[PDB]
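> Have a peek at entry.txt (compact mmCIF, C-alpha atoms and all ligand atoms).
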# COMPACT_ATOMS: atom_id res chain seq x y z
CA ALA N 1 39.22 5.09 16.22
CA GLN N 2 36.43 6.19 13.91
CA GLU N 3 32.84 5.16 14.60
CA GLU N 4 32.03 1.73 16.06
CA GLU N 5 30.15 -1.18 14.45
CA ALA N 6 26.35 -0.96 14.31
CA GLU N 7 24.21 -3.80 15.68
CA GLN N 8 21.91 -4.26 12.68
CA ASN N 9 18.65 -6.23 12.82
CA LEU N 10 16.44 -5.17 9.91
CA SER N 11 15.25 -8.65 8.89
CA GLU N 12 12.20 -7.76 10.95
CA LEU N 13 11.21 -4.93 8.59
CA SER N 14 10.88 -7.19 5.54
CA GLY N 15 7.45 -7.18 3.92
CA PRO N 16 5.14 -5.11 1.71
CA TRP N 17 6.15 -1.45 1.41
CA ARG N 18 4.65 1.42 -0.56
CA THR N 19 6.00 4.65 -2.02
CA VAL N 20 4.56 7.84 -0.50
CA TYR N 21 6.87 10.56 -1.88
CA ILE N 22 9.97 10.78 -4.07
CA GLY N 23 11.79 14.04 -4.75
CA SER N 24 14.59 14.63 -7.26
CA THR N 25 17.19 17.27 -8.10
CA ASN N 26 16.42 16.38 -11.74
CA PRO N 27 12.63 16.32 -12.38
CA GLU N 28 13.02 14.30 -15.59
CA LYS N 29 14.04 11.23 -13.58
CA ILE N 30 10.68 11.08 -11.77
CA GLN N 31 8.30 12.56 -14.34
CA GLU N 32 6.04 10.18 -16.24
CA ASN N 33 8.16 7.54 -17.98
CA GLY N 34 11.07 8.43 -15.70
CA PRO N 35 13.28 5.60 -14.35
CA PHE N 36 12.82 6.59 -10.72
CA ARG N 37 9.02 6.96 -10.76
CA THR N 38 9.00 3.74 -8.77
CA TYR N 39 5.99 2.21 -7.03
CA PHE N 40 7.43 -0.03 -4.32
CA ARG N 41 5.83 -3.41 -3.62
CA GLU N 42 8.17 -5.32 -1.32
CA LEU N 43 11.46 -4.98 0.54
CA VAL N 44 13.45 -7.89 1.96
CA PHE N 45 16.34 -7.27 4.35
CA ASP N 46 18.97 -9.94 5.02
CA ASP N 47 21.12 -9.16 8.08
CA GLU N 48 23.52 -12.05 7.50
CA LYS N 49 24.33 -11.27 3.87
CA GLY N 50 23.95 -7.56 4.51
CA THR N 51 21.67 -6.95 1.53
CA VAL N 52 18.32 -5.42 0.65
CA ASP N 53 16.19 -6.69 -2.21
CA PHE N 54 13.91 -4.11 -3.83
CA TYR N 55 10.77 -5.17 -5.69
CA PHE N 56 8.96 -2.33 -7.45
CA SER N 57 7.04 -1.44 -10.60
CA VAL N 58 7.77 1.28 -13.14
CA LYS N 59 6.14 2.28 -16.41
CA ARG N 60 8.51 2.29 -19.38
CA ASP N 61 7.62 3.18 -22.96
CA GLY N 62 3.93 2.77 -22.22
CA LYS N 63 4.52 -0.61 -20.56
CA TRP N 64 4.54 -1.69 -16.92
CA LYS N 65 7.61 -3.50 -15.63
CA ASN N 66 8.21 -5.42 -12.41
CA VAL N 67 11.77 -4.80 -11.28
CA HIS N 68 14.01 -6.58 -8.78
CA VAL N 69 17.16 -4.87 -7.48
CA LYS N 70 19.75 -6.21 -5.06
CA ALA N 71 21.61 -3.73 -2.86
CA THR N 72 24.75 -4.55 -0.88
CA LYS N 73 25.78 -2.83 2.33
CA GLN N 74 29.25 -1.32 2.73
CA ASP N 75 31.57 -0.53 5.64
CA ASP N 76 30.33 3.01 5.01
CA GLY N 77 26.88 1.94 6.14
CA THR N 78 25.43 2.92 2.79
CA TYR N 79 24.21 0.49 0.16
CA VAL N 80 25.23 0.22 -3.48
CA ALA N 81 23.18 -1.13 -6.36
CA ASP N 82 22.95 -1.11 -10.14
CA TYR N 83 19.82 0.38 -11.69
CA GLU N 84 19.75 2.96 -14.49
CA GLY N 85 23.38 3.58 -13.56
CA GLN N 86 25.24 3.27 -10.27
CA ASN N 87 23.54 4.08 -6.99
CA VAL N 88 24.66 4.90 -3.46
CA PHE N 89 21.69 4.71 -1.07
CA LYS N 90 21.50 5.78 2.59
CA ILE N 91 18.74 5.11 5.12
CA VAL N 92 18.29 8.37 7.02
CA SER N 93 15.33 7.40 9.22
CA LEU N 94 13.83 3.96 9.78
CA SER N 95 11.21 2.35 11.99
CA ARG N 96 8.65 -0.45 11.94
CA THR N 97 6.37 1.67 9.75
CA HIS N 98 8.46 4.15 7.76
CA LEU N 99 11.68 4.58 5.82
CA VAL N 100 13.21 7.90 4.78
CA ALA N 101 16.10 7.46 2.37
CA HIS N 102 18.54 9.46 0.26
CA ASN N 103 19.87 8.12 -3.05
CA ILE N 104 22.65 9.34 -5.33
CA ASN N 105 22.43 8.12 -8.92
CA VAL N 106 24.99 8.58 -11.69
CA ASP N 107 23.63 7.62 -15.10
CA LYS N 108 25.51 6.31 -18.14
CA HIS N 109 26.37 9.92 -19.07
CA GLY N 110 27.95 10.78 -15.74
CA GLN N 111 24.94 12.88 -14.75
CA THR N 112 24.43 13.02 -10.98
CA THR N 113 20.91 13.05 -9.50
CA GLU N 114 20.04 13.11 -5.80
CA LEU N 115 16.69 11.71 -4.70
CA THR N 116 14.85 11.62 -1.39
CA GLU N 117 12.02 9.30 -0.53
CA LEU N 118 9.43 8.34 2.03
CA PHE N 119 8.07 4.78 2.05
CA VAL N 120 5.55 3.22 4.40
CA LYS N 121 5.12 -0.37 5.43
CA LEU N 122 1.86 -2.28 5.22
CA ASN N 123 1.84 -4.11 8.53
CA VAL N 124 -0.47 -7.10 8.97
CA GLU N 125 -0.72 -8.19 12.61
CA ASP N 126 -1.06 -11.83 13.69
CA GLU N 127 -3.98 -10.93 15.96
CA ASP N 128 -5.93 -9.47 13.03
CA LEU N 129 -5.05 -12.33 10.66
CA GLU N 130 -6.29 -14.79 13.30
CA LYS N 131 -9.55 -12.86 13.63
CA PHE N 132 -10.04 -13.03 9.85
CA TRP N 133 -9.34 -16.74 9.59
CA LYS N 134 -11.68 -17.56 12.47
CA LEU N 135 -14.51 -15.48 10.99
CA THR N 136 -13.84 -17.02 7.59
CA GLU N 137 -14.00 -20.50 9.12
CA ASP N 138 -17.18 -19.54 10.99
CA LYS N 139 -18.87 -18.64 7.70
CA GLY N 140 -17.93 -22.00 6.21
CA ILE N 141 -15.60 -20.51 3.62
CA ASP N 142 -12.92 -22.81 2.16
CA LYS N 143 -9.28 -21.61 2.27
CA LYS N 144 -9.10 -22.04 -1.49
CA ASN N 145 -11.93 -19.51 -1.82
CA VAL N 146 -9.83 -16.73 -0.30
CA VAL N 147 -7.89 -14.32 -2.50
CA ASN N 148 -4.62 -12.63 -1.52
CA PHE N 149 -4.64 -9.00 -2.73
CA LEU N 150 -1.19 -8.11 -1.38
CA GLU N 151 0.80 -10.43 -3.63
CA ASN N 152 -1.19 -10.59 -6.84
CA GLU N 153 -0.21 -9.86 -10.45
CA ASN N 154 -3.67 -8.72 -11.52
CA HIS N 155 -3.90 -5.27 -9.93
CA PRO N 156 -4.94 -1.67 -10.82
CA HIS N 157 -2.54 0.78 -12.48
CA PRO N 158 -1.68 4.05 -10.70
CA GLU N 159 -1.12 5.66 -14.10
CA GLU M 3 5.94 11.42 22.70
CA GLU M 4 2.39 12.11 21.53
CA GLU M 5 -0.46 10.47 19.64
CA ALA M 6 -3.38 12.07 17.83
CA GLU M 7 -6.72 11.97 19.64
CA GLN M 8 -8.78 8.91 18.75
CA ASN M 9 -11.68 9.81 16.45
CA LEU M 10 -13.68 7.58 14.10
CA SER M 11 -13.01 10.18 11.41
CA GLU M 12 -9.31 9.77 12.15
CA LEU M 13 -9.70 6.29 10.63
CA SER M 14 -10.55 7.85 7.27
CA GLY M 15 -7.86 7.75 4.62
CA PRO M 16 -6.00 5.25 2.46
CA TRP M 17 -6.91 1.60 3.08
CA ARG M 18 -5.84 -1.56 1.26
CA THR M 19 -7.38 -5.00 0.77
CA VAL M 20 -5.39 -7.92 2.16
CA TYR M 21 -7.76 -10.89 1.95
CA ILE M 22 -11.35 -11.44 0.82
CA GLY M 23 -13.11 -14.80 1.14
CA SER M 24 -16.44 -15.83 -0.44
CA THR M 25 -19.01 -18.62 -0.09
CA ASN M 26 -19.44 -18.30 -3.87
CA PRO M 27 -16.00 -18.33 -5.58
CA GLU M 28 -17.42 -16.78 -8.76
CA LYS M 29 -17.97 -13.46 -6.97
CA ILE M 30 -14.25 -12.97 -6.36
CA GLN M 31 -12.73 -14.66 -9.42
CA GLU M 32 -11.29 -12.49 -12.18
CA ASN M 33 -14.05 -10.17 -13.41
CA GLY M 34 -16.03 -10.95 -10.27
CA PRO M 35 -17.84 -7.95 -8.67
CA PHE M 36 -16.26 -8.44 -5.24
CA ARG M 37 -12.60 -8.76 -6.26
CA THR M 38 -12.26 -5.25 -4.89
CA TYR M 39 -8.98 -3.38 -4.42
CA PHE M 40 -9.63 -0.72 -1.78
CA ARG M 41 -8.32 2.85 -2.18
CA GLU M 42 -9.86 4.95 0.60
CA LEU M 43 -12.56 4.82 3.26
CA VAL M 44 -14.23 7.88 4.76
CA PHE M 45 -16.05 7.49 8.07
CA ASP M 46 -18.59 10.11 9.16
CA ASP M 47 -19.70 9.86 12.80
CA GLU M 48 -22.29 12.61 12.36
CA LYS M 49 -24.18 11.11 9.42
CA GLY M 50 -23.49 7.52 10.38
CA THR M 51 -22.04 6.71 6.97
CA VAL M 52 -18.97 5.11 5.47
CA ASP M 53 -17.92 5.98 1.92
CA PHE M 54 -16.06 3.21 0.09
CA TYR M 55 -13.66 3.89 -2.78
CA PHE M 56 -12.30 0.90 -4.62
CA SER M 57 -11.34 -0.48 -8.00
CA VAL M 58 -12.65 -3.59 -9.69
CA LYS M 59 -11.96 -5.15 -13.06
CA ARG M 60 -15.00 -5.65 -15.30
CA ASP M 61 -15.01 -6.75 -18.96
CA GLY M 62 -11.24 -6.72 -18.99
CA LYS M 63 -10.85 -3.25 -17.50
CA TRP M 64 -10.43 -1.48 -14.21
CA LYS M 65 -13.28 0.66 -12.97
CA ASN M 66 -13.21 3.12 -10.06
CA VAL M 67 -16.31 2.68 -7.89
CA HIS M 68 -17.80 4.65 -4.99
CA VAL M 69 -20.35 3.18 -2.58
CA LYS M 70 -22.05 4.88 0.37
CA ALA M 71 -23.15 2.65 3.25
CA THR M 72 -25.60 3.83 5.91
CA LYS M 73 -25.51 2.63 9.49
CA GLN M 74 -28.55 1.04 11.15
CA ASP M 75 -29.64 1.08 14.79
CA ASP M 76 -28.23 -2.41 15.31
CA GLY M 77 -24.86 -1.02 14.27
CA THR M 78 -24.71 -2.84 10.93
CA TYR M 79 -24.51 -0.96 7.62
CA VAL M 80 -26.55 -1.24 4.43
CA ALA M 81 -25.34 -0.46 0.92
CA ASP M 82 -26.40 -0.81 -2.71
CA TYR M 83 -23.82 -2.58 -4.86
CA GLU M 84 -24.46 -5.51 -7.20
CA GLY M 85 -27.63 -6.15 -5.23
CA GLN M 86 -28.35 -5.47 -1.56
CA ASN M 87 -25.66 -5.69 1.13
CA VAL M 88 -25.61 -5.77 4.92
CA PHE M 89 -22.07 -5.08 6.14
CA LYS M 90 -20.85 -5.86 9.68
CA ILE M 91 -17.61 -4.62 11.20
CA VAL M 92 -16.22 -7.48 13.30
CA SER M 93 -12.99 -5.78 14.39
CA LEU M 94 -11.75 -2.22 13.81
CA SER M 95 -8.69 -0.28 14.91
CA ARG M 96 -6.30 2.41 13.77
CA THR M 97 -4.62 -0.09 11.46
CA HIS M 98 -7.06 -2.87 10.55
CA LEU M 99 -10.62 -3.76 9.61
CA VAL M 100 -12.19 -7.22 9.59
CA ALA M 101 -15.71 -7.37 8.21
CA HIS M 102 -18.47 -9.75 7.17
CA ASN M 103 -20.76 -8.85 4.24
CA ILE M 104 -24.01 -10.50 3.20
CA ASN M 105 -24.94 -9.89 -0.46
CA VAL M 106 -28.21 -10.81 -2.20
CA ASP M 107 -28.00 -10.19 -5.97
CA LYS M 108 -30.57 -9.38 -8.68
CA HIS M 109 -31.54 -13.05 -8.80
CA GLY M 110 -32.12 -13.65 -5.10
CA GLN M 111 -28.81 -15.50 -4.75
CA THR M 112 -27.09 -15.04 -1.37
CA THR M 113 -23.30 -14.80 -0.92
CA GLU M 114 -21.41 -14.24 2.32
CA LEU M 115 -17.99 -12.60 2.24
CA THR M 116 -15.26 -11.93 4.76
CA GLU M 117 -12.48 -9.41 4.43
CA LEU M 118 -9.33 -8.07 6.01
CA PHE M 119 -8.20 -4.53 5.22
CA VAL M 120 -5.23 -2.55 6.45
CA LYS M 121 -4.76 1.19 6.71
CA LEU M 122 -1.74 3.01 5.31
CA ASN M 123 -0.63 5.38 8.06
CA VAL M 124 1.66 8.32 7.39
CA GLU M 125 2.83 9.98 10.62
CA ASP M 126 3.46 13.72 11.00
CA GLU M 127 7.05 13.41 12.20
CA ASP M 128 7.90 11.07 9.34
CA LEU M 129 6.56 13.60 6.84
CA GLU M 130 8.63 16.31 8.53
CA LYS M 131 11.77 14.19 8.37
CA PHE M 132 11.17 13.69 4.66
CA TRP M 133 10.63 17.36 3.92
CA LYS M 134 13.65 18.41 6.00
CA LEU M 135 15.91 15.99 4.14
CA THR M 136 14.40 17.14 0.87
CA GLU M 137 15.17 20.77 1.58
CA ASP M 138 18.66 19.83 2.84
CA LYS M 139 19.37 18.47 -0.64
CA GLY M 140 18.15 21.59 -2.41
CA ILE M 141 15.17 19.85 -3.99
CA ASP M 142 12.32 22.15 -5.02
CA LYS M 143 8.85 21.21 -3.74
CA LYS M 144 7.55 21.09 -7.30
CA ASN M 145 10.05 18.36 -8.04
CA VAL M 146 8.33 15.99 -5.62
CA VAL M 147 5.74 13.41 -6.65
CA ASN M 148 2.96 12.07 -4.42
CA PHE M 149 2.73 8.37 -5.31
CA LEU M 150 0.13 7.62 -2.63
CA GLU M 151 -2.52 9.88 -4.15
CA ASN M 152 -1.78 8.37 -7.57
CA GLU M 153 -2.54 4.89 -6.24
CA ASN M 154 -5.63 6.26 -4.43
CA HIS M 155 -6.93 7.65 -7.71
CA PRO M 156 -6.01 5.14 -10.49
CA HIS M 157 -7.38 4.83 -14.01
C1 LIG N 201 15.17 7.22 -2.88
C2 LIG N 201 15.14 6.00 -3.64
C3 LIG N 201 15.09 5.93 -5.12
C4 LIG N 201 13.85 6.62 -5.60
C5 LIG N 201 15.07 4.49 -5.60
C6 LIG N 201 16.41 3.81 -5.54
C7 LIG N 201 16.22 2.32 -5.61
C8 LIG N 201 17.49 1.54 -5.95
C9 LIG N 201 17.98 0.88 -4.70
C10 LIG N 201 17.19 0.49 -6.92
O1 LIG N 201 18.65 2.34 -6.52
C1 LIG N 202 -21.07 -3.11 0.11
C2 LIG N 202 -19.76 -2.53 0.05
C3 LIG N 202 -18.57 -3.35 -0.28
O1 LIG N 202 -17.35 -2.47 -0.27
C4 LIG N 202 -18.37 -4.51 0.68
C5 LIG N 202 -17.09 -5.26 0.49
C6 LIG N 202 -17.00 -6.38 1.48
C7 LIG N 202 -15.72 -7.17 1.35
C8 LIG N 202 -15.64 -8.26 2.33
Just give me the structure of the file as structure tokens.


Amino acid sequence: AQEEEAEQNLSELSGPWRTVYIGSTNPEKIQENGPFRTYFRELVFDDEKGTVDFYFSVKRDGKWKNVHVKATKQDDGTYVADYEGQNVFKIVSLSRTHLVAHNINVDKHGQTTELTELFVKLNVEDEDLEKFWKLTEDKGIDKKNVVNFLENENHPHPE
Amino acid sequence: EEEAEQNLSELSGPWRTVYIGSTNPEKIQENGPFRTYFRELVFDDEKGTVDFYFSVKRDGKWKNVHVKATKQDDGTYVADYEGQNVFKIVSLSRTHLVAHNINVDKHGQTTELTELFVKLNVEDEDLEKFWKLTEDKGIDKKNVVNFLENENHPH
């Protein structure tokens, strides 16, 4: 018998995530205009379908692009996805606030690049949201006069 | 199992805007002066100040702004930005900030705003795990990009 099945419940970790660091065996991939110079926005984990949806932004040819990638889990425990080639992604460390991952990418020219990354989650607690809504109500502010800055197209550019 | 000692200055660092509400919608609409995307906050217990770093779009473009608020005896803070402001912290912890701001502009018009901000926390052990994995893969330190500081200092 090899290893045994892993009880996986990551649905909980879905939400807004941000890129902290990304390292690469090939600097070109993460330098300005590189395909893996990715600013994460959101991650959605589905435990039933065994997938992870990645939502991030990348600058290409002087233009900003919003990308959506779907990764599928394997018996291996790793995830596979198509993006600037084929990718095999492993979650090395994971908690309610951080994710440390390792990714192997093989581009259309058979070139292999290994990347490491650290992402952090932007956690918004129910207790704090309640405090905000009560205060907002106390000041007579209408719900329609509240702006969501976490999920909004019009935002600053990191570069 | 250990946690850093609690210090007001320990709250300093990258912060992000979640929600901002206004009694006057125009102040937070596109090109409004209070449609502020936070970058960093620096708290100074000694001086009784809070330095705000944020970005706001004006005339079609993003501007990086810095504002220094000074604490009063009653615990509230005062700051100069698009008129006079009196800022009150309603709730504050290692991960969140809920505040109420009263603004009176150059025309004597009063606007009250509410906001919810969250801190981006990067733990020591998580950074160590990242660097260990990075060295395990033979990746040179110069081949690592800090995305967080890029977002904290946009253009
Ligand atoms: C360490 C992660 C790299 C930087 C991004 C890979 C994202 C994916 C899943 C689309 O291949
Ligand atoms: C006066 C300083 C500003 O950063 C206050 C922003 C208040 C948002 C509710």

> Which of these, N:84, N:61, N:137, N:46, has the shortest distance to chain M once you count all atoms listed in the file?

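Of the candidates, the smallest distance to chain M is held by N:137.
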
> Counting all atoms listed in the file, a student should be able to say which residues of chain M come within 7 Å of chain N; what is the right answer, written as an NGL selection string?

:M and (19-25 or 27 or 64 or 100 or 116-118 or 122 or 132 or 136 or 141 or 145-150 or 152-153 or 156-157)

> Could you tell me, counting all atoms listed in the file, which protein and nucleic acid residues lie no more than 6 Å from ligand LIG 202 (chain N), written as a ChimeraX atom specification?

/M:22,54,81,83,87,101-103,115-117

> Pick the closest to ligand LIG 201 (chain N) from N:83, N:64, N:45, N:56: which is it, counting all atoms listed in the file?

N:83

> Hey, what's within 6 Å of residue 55 in chain M if we count only C-alpha atoms and toss same-chain stuff fewer than 4 positions away? As a PyMOL selection string, please?

chain M and resi 41-42+67-68

> Would you mind listing what lies within 9 Å of residue 40 in chain M as a PyMOL selection string, with all atoms listed in the file counted and same-chain residues fewer than 3 positions away left out?

chain M and resi 16-19+43+54-58+119+154

> As an exercise, work out the distance from CA of residue 67 in chain N to CA of residue 62 in chain M in Å and give it to one decimal place.

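Taking CA of residue 67 in chain N as the start and CA of residue 62 in chain M as the end point, the length is 24.3 Å.
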
> Could you state the separation of CA of residue 75 in chain M and CA of residue 99 in chain M in Å, given to one decimal place?

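Rounded to one decimal, the two atoms are 20.3 Å apart.
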
> Residues near residue 106 in chain M, anyone? I mean within 8 Å using only C-alpha atoms, not counting same-chain ones fewer than 3 positions away, as a ChimeraX atom specification.

/M:85-87,109-113

> Taking only C-alpha atoms and all ligand atoms into account, which of N:85, N:50, N:77, N:15 comes nearest ligand LIG 201 (chain N)?

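Of N:85, N:50, N:77, N:15, the one nearest ligand LIG 201 (chain N) is N:85, counting only C-alpha atoms and all ligand atoms.
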